[PDB]
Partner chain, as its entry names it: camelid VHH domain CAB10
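In the form solved without its partner chain, a lone chain appears below as structure tokens.
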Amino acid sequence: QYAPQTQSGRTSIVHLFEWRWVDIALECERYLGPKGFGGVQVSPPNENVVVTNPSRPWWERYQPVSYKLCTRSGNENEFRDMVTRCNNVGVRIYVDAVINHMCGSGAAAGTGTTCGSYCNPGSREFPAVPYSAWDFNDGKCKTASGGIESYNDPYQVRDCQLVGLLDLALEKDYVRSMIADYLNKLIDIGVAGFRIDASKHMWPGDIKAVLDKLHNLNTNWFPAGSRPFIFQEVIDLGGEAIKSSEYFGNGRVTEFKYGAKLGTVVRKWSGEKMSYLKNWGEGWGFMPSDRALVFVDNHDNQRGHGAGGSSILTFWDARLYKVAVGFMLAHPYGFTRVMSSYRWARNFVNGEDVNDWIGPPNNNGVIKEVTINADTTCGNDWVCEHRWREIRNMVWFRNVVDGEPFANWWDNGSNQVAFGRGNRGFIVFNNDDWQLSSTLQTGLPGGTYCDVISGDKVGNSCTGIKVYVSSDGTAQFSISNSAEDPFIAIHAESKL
């Protein structure tokens, strides 16, 4: 539940949003294993309805029609092969469990599903599971529309239909047992844990009854009595009836205040300043660090779905995005999840992108493979942020400094900020519109360190900036506000 189950000393997961199972296994072997990534959150592995208007949106995968492992990402054999191949190189797989609902209630009856199962959403018939009309919450919901009309009433957000999706009656043992069996089939293949989708739309105790039915992890890869890692998706920015803390007994919770506040601070909106990040973490009103899964953006709010709104930084704001991700990866708070996206054509009318439905790169509906270019970037409009040097090297810095205290904070009173992590890593940021020239106490042994944002340590040299720290730990840093990446990070393993 709160222990991530990563191989020892791997501290981040990557969401490889809409990637095919064959591409994720090859990425585990050629890249994620070698570069120290802890694991991968994958898209929903179970069968979904095919949505033709608009043509194949990313969100049709959030409309279950059975628990068959049969999707545009692949079939069951390809899924099992990906989970074996990643586990064997020390990279864990986390499944997005869509267990609150089936598909939308106005979807058409038939076999337009990703594996050909039949369903009749209007009569609530899902013969491939099987579910029937008494496995849903239509009678339990008291609103006129049957949907969630107010997030100020706990009963309607848990018992009514979220954007018209058929709401499962999770208090019944039948539904509980049907979901537990799907999830145990996944654990047996070798999955390490689950993102529980739309946890806010389910009662904490029904989630707990499902969790109590789950198997220990597969001992080919995991220790004796290991329990699945669980993180629950609950959007709680405040101001509503449901709080994150109601879900803390079940496992970790998505802290959505983290990317909303960080975005604002880094964009310097509302009078926010990077020097205010001195007390970042619970000091800013976030949940306990041991309960939180943290991220700058997720698949929903990078395209304006969910919540986060305008301050969320994404790959579209690359320079500011890298300083937000570098700060998140250097700070001790939370378990970190990094985003990996595909590019879509945005079209804003009245400040909203009306193209936020567009699904993954595809050729007439079949998802295009991730091609790797000679310069290690991806092709086919996969943007592969997890492969950007600055992000790549900061997931490594987090593994090097794991368990080290926040130390040696400095700020210039405005937007230049620096801090270390024990005597093992130090990062300095300049988000002011003038330059930085300070001699800072780093806490590291004296020596020449390669900056891992502008470069790499290759043999006995650096490809980028070289920082000398003197015998007492201080080092002079100079960073222009016009720099490519306005921040420098050095750690025990980038010492020459």
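Residue numbers count along the first chain shown, from 1.
There is another form of this protein, the form solved in complex with its partner chain, and it is not shown here; the text below is about that form.
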Answer key, its partner chain contact in the bound PDB entry at 4.5 Å (heavy atoms) among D181, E282, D381, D173: the residue is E282
Of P288, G116, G422, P361, the one that lies within 4.5 Å of its partner chain in the bound PDB entry (heavy atoms): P288
Which among 364 to 372, 222 to 230, 381 to 389, 239 to 247 is in contact with its partner chain in the bound PDB entry, heavy atoms within 4.5 angstroms? 239 to 247
Is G112 a contact residue for its partner chain in the bound PDB entry, using a 4.5 Å heavy atom cut-off? no
4.5 angstroms heavy atom contact with its partner chain in the bound PDB entry for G205: yes
I'd like to know if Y155 sits close to its partner chain in the bound PDB entry, meaning any non-hydrogen atom pair within 4.5 angstroms. yes
